[PDB]
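Taken together, the values in this text are just the output of simple stated rules run on the coordinates, not laboratory data. A quick note on method: Cβ atoms are made from the backbone with ideal geometry, for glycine too, and the neighbour counts reach across all protein chains shown.
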Amino acid sequence: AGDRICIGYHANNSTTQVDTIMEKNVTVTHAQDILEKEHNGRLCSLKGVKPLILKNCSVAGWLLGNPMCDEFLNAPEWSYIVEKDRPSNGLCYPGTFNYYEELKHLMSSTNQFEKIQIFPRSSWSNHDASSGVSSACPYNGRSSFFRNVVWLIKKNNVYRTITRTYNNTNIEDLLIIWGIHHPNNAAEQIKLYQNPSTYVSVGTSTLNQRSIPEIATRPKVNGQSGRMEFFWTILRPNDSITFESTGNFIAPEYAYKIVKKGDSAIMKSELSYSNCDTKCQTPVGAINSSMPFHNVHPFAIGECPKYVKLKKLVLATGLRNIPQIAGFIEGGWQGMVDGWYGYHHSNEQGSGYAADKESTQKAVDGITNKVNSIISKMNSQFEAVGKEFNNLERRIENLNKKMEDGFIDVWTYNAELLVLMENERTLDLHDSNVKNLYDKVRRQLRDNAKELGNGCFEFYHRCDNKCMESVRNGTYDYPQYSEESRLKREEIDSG
Amino acid sequence: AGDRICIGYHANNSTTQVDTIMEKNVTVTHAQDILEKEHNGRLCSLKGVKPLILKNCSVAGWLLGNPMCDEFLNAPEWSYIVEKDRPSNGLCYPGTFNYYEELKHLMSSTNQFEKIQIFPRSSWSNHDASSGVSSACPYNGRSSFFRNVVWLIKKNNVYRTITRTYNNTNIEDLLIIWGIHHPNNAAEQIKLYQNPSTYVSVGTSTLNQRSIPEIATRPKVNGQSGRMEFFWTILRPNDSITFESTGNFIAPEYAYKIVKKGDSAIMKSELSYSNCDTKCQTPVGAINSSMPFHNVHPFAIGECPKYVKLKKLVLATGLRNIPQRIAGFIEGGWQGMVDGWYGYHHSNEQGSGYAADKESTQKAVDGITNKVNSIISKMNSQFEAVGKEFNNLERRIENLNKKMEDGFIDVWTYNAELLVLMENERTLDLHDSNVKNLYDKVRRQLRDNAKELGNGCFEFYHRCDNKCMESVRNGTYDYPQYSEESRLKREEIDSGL
Amino acid sequence: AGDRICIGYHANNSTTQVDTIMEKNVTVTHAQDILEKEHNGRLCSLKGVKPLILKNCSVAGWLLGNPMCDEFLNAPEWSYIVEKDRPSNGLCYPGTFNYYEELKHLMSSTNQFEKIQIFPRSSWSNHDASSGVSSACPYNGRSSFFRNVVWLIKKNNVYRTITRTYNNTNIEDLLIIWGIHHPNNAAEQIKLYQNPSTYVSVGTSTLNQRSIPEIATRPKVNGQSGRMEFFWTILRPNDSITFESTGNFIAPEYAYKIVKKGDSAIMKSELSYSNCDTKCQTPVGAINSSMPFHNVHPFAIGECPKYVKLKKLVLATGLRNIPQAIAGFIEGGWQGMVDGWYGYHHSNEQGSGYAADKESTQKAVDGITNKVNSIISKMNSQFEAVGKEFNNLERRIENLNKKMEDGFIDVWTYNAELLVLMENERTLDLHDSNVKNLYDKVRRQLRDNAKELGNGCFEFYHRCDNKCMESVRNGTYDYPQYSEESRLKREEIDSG
Ligand SMILES: *[C@@H]1O[C@H](CO)[C@@H](O[C@@H]2O[C@H](CO)[C@@H](O)[C@H](O)[C@H]2NC(C)=O)[C@H](O)[C@H]1NC(C)=O
Ligand SMILES: *[C@@H]1O[C@H](CO)[C@@H](O)[C@H](O)[C@H]1NC(C)=O
Ligand SMILES: *[C@@H]1O[C@H](CO)[C@@H](O)[C@H](O)[C@H]1NC(C)=O
Ligand SMILES: *[C@@H]1O[C@H](CO)[C@@H](O)[C@H](O)[C@H]1NC(C)=O
Ligand SMILES: *[C@@H]1O[C@H](CO)[C@@H](O)[C@H](O)[C@H]1NC(C)=O
Ligand SMILES: *[C@@H]1O[C@H](CO)[C@@H](O)[C@H](O)[C@H]1NC(C)=O
Ligand SMILES: *[C@@H]1O[C@H](CO)[C@@H](O)[C@H](O)[C@H]1NC(C)=O
Ligand SMILES: *[C@@H]1O[C@H](CO)[C@@H](O)[C@H](O)[C@H]1NC(C)=O
Ligand SMILES: *[C@@H]1O[C@H](CO)[C@@H](O)[C@H](O)[C@H]1NC(C)=O
Ligand SMILES: *[C@@H]1O[C@H](CO)[C@@H](O)[C@H](O)[C@H]1NC(C)=O
Ligand SMILES: *[C@@H]1O[C@H](CO)[C@@H](O)[C@H](O)[C@H]1NC(C)=O
Ligand SMILES: *[C@@H]1O[C@H](CO)[C@@H](O)[C@H](O)[C@H]1NC(C)=O
Ligand SMILES: *[C@@H]1O[C@H](CO)[C@@H](O)[C@H](O)[C@H]1NC(C)=O
């Protein structure tokens, strides 16, 4: 009829929820979100270094010096490059650009260009380096031409065969770009370069190529029915390059020196620049976040969290919050805040709550050991930077898309399952911890007290604030109340 | 004995077996196999849409119209394309087909061609459109030729320059195929085309080309020593194509309108179609899609289960089956229980009793079927592999493709296997917990009113008929009611009775 | 007050430490490291078959017969090809080898060449097969040239058109290599081959190609400003190849028969063969492949363990070591107990002594050594990387291939780390459960005839001696037969 002690556990006001492999929407005591899902809608600069936003200039446009990309004629250093989905200013004069995508992929490994001149327009004596302009490349008004290459026209009805060498004495790699003109007619050829059969031969310690003009009738594009095929090579230091040509040569006036290699990318965003700083950016926005995961977009540059195709990823830190003298068989105690598991005693003197400090900090330490482990354990999740492919590279494009989405699916599965399988185990680690300290108080006071069936013990010898601490301490001396209790339960047996 | 209650669990004779991570081959009561292992050996329609059967024809054969191959004159829609692995009827006149494999890949995202005329054979008045036939492409026995292109010959010992344009007035894309002829020797060039230096030249909005013949002396394939190189493009709508040739031109007569882009495939299979239909086609037969997994072939088309390199995959859904060849759950299952996974065996008088904790039984069943659904949910969005062809100088990217597909098939085969193995051990781990929770539920109520035997039953320190039974099942047991009765019970045997 | 039976479990001297998901450095009685971490720094034969050591030669130099490179006249088979990272003898005459990477791939699935003659060097009755030499291909001072091709030159200011056929009347596939010569100017063209307009054409069933020489003026490399481009095809059996050329032709003298196709590889190492043998080799050395996993280097060939980028990976097998008036499992483990994992202790009238529960201890050894093999087993199929090479202009697929080699490595490191951690947890929690379930075997037998002392021991109310102890150990305590004696003494203890 008195002097008791109950085993119980923390409950509270929370209603955050987690999931388990078996049961879903389980309400828990505490729970951490590990998935960031919010991004500012702005293109920011990575680690203090601003991107190169090309507005609607294509990279081809940029590198060739399209007459409408004059903004980026001398572009500074860049963290990343943002091209729009379909840039408007590219090859204004129709034609193609060989190994284009392979060139853009090299850019992702470079951070700064120093454009230097090798063949000054002034050096084209014995040819016409002035009239080579067209209405396909208007400046302001009409008819200009790419700024970084020159279109050589016959002069005084002679196109003397050209031979010109340049020597990278620099210590940095050089990017050189040249082209060849594909005219409409047998007549347009003679009119432009006099000689009917021509060729453009370029030479490197690496690169041996001859090009001959494929001459044909075509639909006009941006006004023109002819086309220019463009070529590029990387000339290493101490290496030299030799051009020889009898016509249709589009020669380079400039080259780009690769002054800073390193991490970079080309992102496909129609957004534009804002004045912020970020450690991780995305086609749709930047991310301030210490979360281990995010779900805003597969592509992301910089030191940043790690993308998952999921809508929620919350981890269970505390108890199933099932709030309800009573004991743990009927629910959790709201009246205890000291810890996760603890006791309630009654006695002659008065009642009170007390946490099992030993078990709860071990819980805390063992739960923190898991969450910190999991988050910053497997850091090698498949992060990426995308790439482009041309109209006859479809199979390897798919190969790439197939693989990229392949690892996306694998890692999200890994994340989802770990969260669900660990939510299941912490939730019944808690369950177990409250059972074990129930057993530690019953193996202490043995037949000195009566199992009630609610999680509570009535005593046969009545003990207070020192023996209550003594049962809480794992210190309770059974032989001291041995024969005191024996007399009461021997009295209880008769009446 | 005087009045007992027992707690025990369902058993039956079901020799279904499951594996777990720790132990193998454990006989359960209930188990859901989830791995389809069978196929029907036929090639079928895909939910009503028939596959395009090329029989003995290669894709190149069909498109160029090799006389041994037939035309799909109704212009059907297909669900997939079946080609023999080594098709007899391809480029009957020897040559090659540039970016053949890229084109074949395009086909896999297309479901319906309609063939149209762009250059009628009756429109080459300036040249010979009839004599360009050959013994390597027979028909009636007579020497014939590809039906979709035209071998133009010098007319009257003259080969006037050819300029023709075609404008895609349609809203559909157009696949156009033309070629060039490579003769044996300088004399053949003159004999067929007069002009001894020639080119074939095409101009679209984004394609630019001027190709010239390569004279070599070659072994006789199919009886000819000259060759034919073929090219294809896609002429986008509102665009135009212009051909310039001064000899050796193999002119397109037709063109194919892509009128359905969709999900399609090129299966390489030797079988032939019969009247069946399926949700899921593989090269060696069709399989049912009732189950989430199959091990029949990694290339399957349609609403398919997910493929895993495994021989068995059985999900434990019930209990262990340890029956007794009386006592409760410490010696194993009762087959006396019909409805209910966890029940009682109340004994009062010399007959019997077998109930079922209906409640904790329908809490296990409502989570085992729940979590099962959740397992099959978690994989679906797995890796599915895709057919793709390569040639003899793309052996690297071919190997990359194959390593990556075997790669992900291995990952998920491991993922699925280890996921069920764990769910099997934890599904049975929950029955042991569930039965031990049934025992303790009664125990917390009865206290010193009943005696524990290490058996799973409680002999009663008083009398309990049917109503007292249902009371302890429903958790509504009045210890302070029989307490007094039970105490005098208990004192008799402690003294000597 | 006496006569005891205590439930306990094993301890020992172990320093060893495993990890779980929520515990780090946990000391266990027994464990098993499963990650190979060292190598011998030698390069070895692969189970009795030696690698092809190219020394300082590229695959090109070896195949074409660069003079500094040696013939493998013995036609040996090989396990794997070893080539340095920047070999020093390649295309001594500067030039290009088309689809070179494609060729090496074929090599990496090829295990034995036999070299055969197809166009004997003496056979060019109307051309110069001897002046074709260069200062860029020095063999012992004087000028020389690739030993397996022949640089055919005009005889007496004449280059009669060339047309030669070879029929493959072997059963194997043949590799045939040929090439073409791009001169510096139009002058040297006529100086070597006279005929100014020229070509080199190759016919097979599956090969049509006529190259024409690209004359430009290039930088000098190993002395030369001309260049030679090389080609290769694979001529199927019963097929013919016929070459037509009016100049600049570099005719093969020899062909290679692929006589053994199979598993091979091209390793990039700088070591040298060491008169040793292994089951698994890596560019840095051979590894002792008897663990299931290693972290030595990603590219490893042969019957190899599965590679993971961990620094440590060790399974749990025995109990958690917590040793230290005898008490049961609640105070920890018994260093006294040796013959098993779980078991009992008696403290009766004859003395004290430990006994193991073999029946339960074995079902635990049975399983745990089972689950071990089952972890080596479901990594039977993991992911092993294969060497592939690419040129600049294939830098996109090169990255694609390395993003995905790295991707699978990372996935499988995750799984291996995560599987060991999680079953370490379940191994220990298993031991927990057995020790508990052992206690209850005794607690449900003895029933009202013993009291539970709350530390894993029982005090019998009756006398027990040796064979009733053996009785409860054996799962057959005759409780009908001592309740009498116990019923007496509980009444004795409840008052007196
Ligand atoms: C490989 O090439 C080198 C240089 O072309 C050869 O010469 C020796 O190379 C080593 C490098 O391992 C140098 O340190 C020595 O000084 C060189 N000479 C001598 C006499 O040792 C080397 O012989 C070639 N072969 C091999 C198998 O390395
Ligand atoms: C819950 O209780 C806390 C006080 O401990 C209070 O600050 C908070 O606003 C309450 N509301 C919710 C939604 O948790
Ligand atoms: C689970 O929780 C979410 C959030 O409240 C809710 O939308 C959903 O209906 C819940 N349960 C089920 C079975 O969908
Ligand atoms: C190109 O960018 C400019 C920048 O002001 C923008 O005004 C324009 O809308 C873009 N082009 C087109 C065709 O919309
Ligand atoms: C290029 O410069 C290097 C020295 O920097 C020199 O060795 C080489 O001869 C030069 N080449 C030419 C064509 O001037
Ligand atoms: C497991 O038992 C099945 C009986 O269904 C038998 O076919 C199989 O061989 C056994 N496998 C093992 C590994 O014991
Ligand atoms: C699919 O199920 C039907 C009955 O629903 C069965 O007759 C048929 O054999 C099954 N298909 C296969 C491939 O086993
Ligand atoms: C396809 O070729 C095989 C091989 O000769 C032949 O048996 C079969 O009849 C051919 N099919 C048709 C429709 O010609
Ligand atoms: C197609 O028609 C003619 C070709 O004769 C051409 O002049 C015209 O501009 C084209 N128009 C289109 C493609 O809309
Ligand atoms: C094609 O051209 C017509 C008229 O020039 C135009 O109305 C139509 O939208 C265009 N469609 C495409 C797909 O180019
Ligand atoms: C585990 O052992 C290593 C060995 O000294 C030590 O560095 C580490 O701190 C230990 N434990 C933890 C919890 O990190
Ligand atoms: C290889 O194995 C043997 C025997 O297991 C051992 O003695 C030796 O030290 C090992 N060496 C290396 C380098 O792994
Ligand atoms: C090589 O084969 C050709 C054609 O395949 C044949 O005519 C001849 O028998 C063979 N040549 C020689 C020289 O045997």
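In debye to the nearest 20, how big a dipole does the protein assembly as shown give about its Cα centre with +1 on each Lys and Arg Cβ and -1 on each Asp and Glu Cβ?
7460 debye
In the protein assembly as shown, taking the dipole from charged Cβ atoms about the Cα centre, the farthest positive-side position among B:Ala355, B:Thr278, B:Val26 is held by B:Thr278. Across the stretch B:385-393, coupling constants 3J(HN,Hα) worked out from phi with the 6.51/-1.76/1.60 Karplus curve, θ = phi - 60°, read 8, 9, x, 6, 10, 9, 10, 6, 10 Hz, and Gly and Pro carry x. Using the Cα coordinates of the stretch B:267-328, the gyration tensor eigenvalues translate into equivalent-ellipsoid semi-axes of 38, 12, 10 Å, sorted from longest to shortest. In order along the stretch A:353-363, the phi-based Karplus estimate (6.51 cos²θ - 1.76 cosθ + 1.60, θ = phi - 60°) of 3J(HN,Hα) comes to 9, 8, 7, 7, 3, 4, 7, 6, 5, 4, 3 Hz; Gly and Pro are listed as x. Rounded to 0.05, the FRET efficiency of the C:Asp465 and C:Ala325 pair, given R0 = 30 Å and the Cβ-Cβ distance, is 0.90.
In debye to the nearest 20, how big a dipole does the stretch C:1-153 give about its Cα centre with +1 on each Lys and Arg Cβ and -1 on each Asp and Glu Cβ?
Numbers: 14 positive and 15 negative charges, 108 e Å.
For this selection, approximately 520 debye.
Its Cα centre serving as origin, chain A has a Cβ charge dipole (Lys and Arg +1, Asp and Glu -1) of approximately 2600 debye.
In this simple spin-label approximation, A:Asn195 and B:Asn170 carry label points 7 Å from Cα along the Cα→Cβ vector, and these lie 4.6 nm apart. Rounded if a/c is under 1.5, else prolate if a/b beats b/c, else oblate: with a ≥ b ≥ c from the C-alpha gyration tensor eigenvalues square-rooted, which is the stretch C:50-271? In terms of gyration-tensor shape, oblate. Within 10 Å of the Cβ of each residue in C:411-419, the mean number of Cβ atoms contributed by other protein chains is 5. Between B:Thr217 and B:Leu73, what FRET efficiency follows from the Cβ-Cβ distance if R0 is 35 Å, with the result rounded to 0.05? It comes to 0.30.
Each stretch of four or more DSSP H residues adds -39500 (n - 2.57); spread over every residue of the protein assembly as shown, this sum gives -8000 deg cm²/dmol at 222 nm.
Straight-line cross-link reach from B:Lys467 at under 23 Å between alpha-carbon atoms covers these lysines, not counting any fewer than eight positions away in the same chain: B:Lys358, B:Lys441, B:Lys451, B:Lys489.
The string of couplings for the stretch A:399-406 from the Karplus curve (6.51, -1.76, 1.60, θ = phi - 60°) is 2, 5, 4, 4, 6, 4, 4, x Hz, one whole number per residue in order, with x for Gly and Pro.
Straight-line cross-link partners of B:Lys257 among the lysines, defined as a Cα under 19 Å from its Cα and at least 8 positions apart when in the same chain: B:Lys104, B:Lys115. Computed from label points 7 Å out along Cα-Cβ, the spacing between A:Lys311 and C:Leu310 is 3.6 nm.
If the cut-off is 16 Å between C-alpha atoms, which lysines fall inside it for C:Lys378, apart from same-chain ones fewer than 8 positions away? Filter leaves B:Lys24, B:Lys309, B:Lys311, B:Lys312, C:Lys306. Sparse packing (at most 15 other Cβ atoms within 10 Å of the Cβ) combined with a DSSP loop state is found for the following trypsin sites (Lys or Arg not before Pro) in the stretch B:204-297: B:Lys220. A quarter of the convex hull surface defined by the alpha-carbon atoms of the protein assembly as shown gives 67.8 nm² as the mean projection. The calculated FRET efficiency for the pair A:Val259 and B:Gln209, based on their C-beta separation and a Förster distance of 41 Å, comes to about 0.60. For the stretch A:311-429, the calculated P(r), taken from all Cα-Cα distances in 5 Å bins from zero up to the bin holding the longest distance, is 2, 8, 13, 15, 12, 10, 8, 7, 6, 5, 4, 3, 3, 2, 1, 1, 0, 0 percent. Among the residues of B:381-390, the average count of other protein chain beta-carbon atoms within 10 Å of the residue beta-carbon is 3.
Could you check the spin-label model distance between A:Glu491 and C:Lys402? Points 7 Å from the Cα along Cα→Cβ, value in nm. Rounded to a tenth, the inter-label distance reads 8.6 nm. Estimated at 0.36 nm per residue, the fully extended path between B:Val338 and B:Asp429 surpasses their Cα-Cα distance by 30.5 nm. Taking the alpha-carbon centroid of each part, what is the distance from the stretch A:385-436 to the stretch C:69-92 in angstrom? So the two Cα centres are separated by 44 Å. Shielding by partners for peptide B:197-207, expressed as the average number of C-beta atoms from other protein chains within 10 Å of each residue's C-beta, is 4. With Cα atoms as the point set, the radius of gyration and Dmax of chain B evaluate to 38.5, 135 Å. Computed with the Debye formula from one identical point scatterer per Cα of the stretch A:137-181, without solvent, the log10 of I(q)/I(0) at q = 0.18, 0.26 Å⁻¹ comes to -0.86, -1.10.
Since only A:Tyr93, C:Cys457, B:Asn74 are under comparison, the one whose Cα sits farthest along the positive direction of the charge dipole of the protein assembly as shown, derived from C-beta charges on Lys, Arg, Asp and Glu, is A:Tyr93.
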